[PDB]
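To start, the structure under review is shown below, and the notes come after it.
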Amino acid sequence: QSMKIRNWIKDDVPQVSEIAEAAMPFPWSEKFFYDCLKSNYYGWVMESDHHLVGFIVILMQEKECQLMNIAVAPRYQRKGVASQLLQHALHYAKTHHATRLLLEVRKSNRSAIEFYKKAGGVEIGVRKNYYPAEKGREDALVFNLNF
Ligand SMILES: CC(C)(COP(=O)(O)OP(=O)(O)OC[C@H]1O[C@@H](n2cnc3c(N)ncnc32)[C@H](O)[C@@H]1OP(=O)(O)O)[C@@H](O)C(=O)NCCC(=O)NCCS
């Protein structure tokens, strides 16, 4: 019943990448998660049942914030894990003078879309043919969350 939330560290990347492989359509490589270890990128992980079950990564840029990725292992979904991770991330962003969280997500990524909408996210635009798809390209929906 213990649950731990903390900033992520380089040792977390293999499990984070495993969560991505399990949960995210078109998942980031292990090397993509090293890529946002660098400055202005901030991450958190949740530990439940003695292992990592979800992570969230934001980018602080200009005066506002971008949600780069959020994912929860499928066996731990629909229990509030992402909700808690997002709350922790938004507390950090709000303390660092941000008020709007940007998310870009594949049009077909239903779960991330419905999650963000129930957190207060609002669609503000579409980037057509923004992601590579198995054939052709896939639109990105663009959401804003005020906080
Ligand atoms: C989106 C995601 C992180 C949600 O994680 P989670 O821990 O299950 O989310 P929560 O339990 O905190 O969600 C909260 C509310 O979101 C809504 N919702 C969440 N997932 C949903 C889904 N798959 N389908 C429909 N509604 C959903 C629910 O209304 C949920 O509230 P409830 O549990 O009271 O029913 C998870 O589906 C995931 O990892 N998806 C793939 C990740 C991804 O694609 N990342 C890249 C784009 S950011």
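Report, in whole Å, the centroid distance computed from the Cα atoms of the stretch 8-64 and the stretch 72-113.
Here the answer is 12 Å between Cα centres.
Only bridges whose two residues both fall in the chain count here: according to DSSP, what percent of them are antiparallel, nearest 5?
Roughly 90 percent of the DSSP beta bridges within the chain come out antiparallel.
Less than 17 Å from a label point 7 Å out along the Cα-to-Cβ axis of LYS38: which backbone N atoms in the stretch 1-21 qualify, by residue?
Taking a point 7 Å out along Cα→Cβ of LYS38, the residues of the stretch 1-21 whose backbone N falls under 17 Å are 10.
Give me the net charge for the shell around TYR116: Cβ to Cβ below 14 angstrom, other residues only, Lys and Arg +1, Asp and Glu -1.
Net local charge, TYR116 excluded: +3.
What residue among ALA89, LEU59, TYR116 has its Cα farthest toward the positive end of the dipole of the stretch 3-146, where the charges are +1 on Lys, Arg and -1 on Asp, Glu, each on the Cβ?
Final value for the positive-end residue is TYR116.
Please give the calculated 222 nm ellipticity per residue for the chain, where each DSSP H segment of at least 4 residues contributes -39500 (n - 2.57) and the sum is spread over every residue; nearest 500 deg cm²/dmol?
Computed mean residue ellipticity for the chain: -8500 deg cm²/dmol.
In a shell of Cβ-Cβ distance under 11 Å around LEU102, excluding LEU102 itself, what net charge do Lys and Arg (+1) and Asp and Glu (-1) give?
-2
Give me a comma-separated list of calculated 3J(HN,Hα) values for the stretch 114-127, in order, Karplus coefficients 6.51, -1.76, 1.60 applied at θ = phi - 60°, integers in Hz, x for any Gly or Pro.
Computed from phi, the couplings for the stretch 114-127 are 5, 4, 5, 5, 6, 8, x, x, 10, 6, 10, x, 10, 9 Hz.
So, with +1 on the Cβ of K and R and -1 on the Cβ of D and E, and no other charges, what is the size of the charge dipole of the chain about its Cα centre, to the nearest 20 debye?
Rounded to the nearest 20 debye, it is 380 debye.
Positions of Cβ are backbone-derived with ideal geometry, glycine not excepted, and every protein chain shown enters the neighbour counts. Each reported figure results from applying straightforward, stated rules to the coordinates on display, with no laboratory input.
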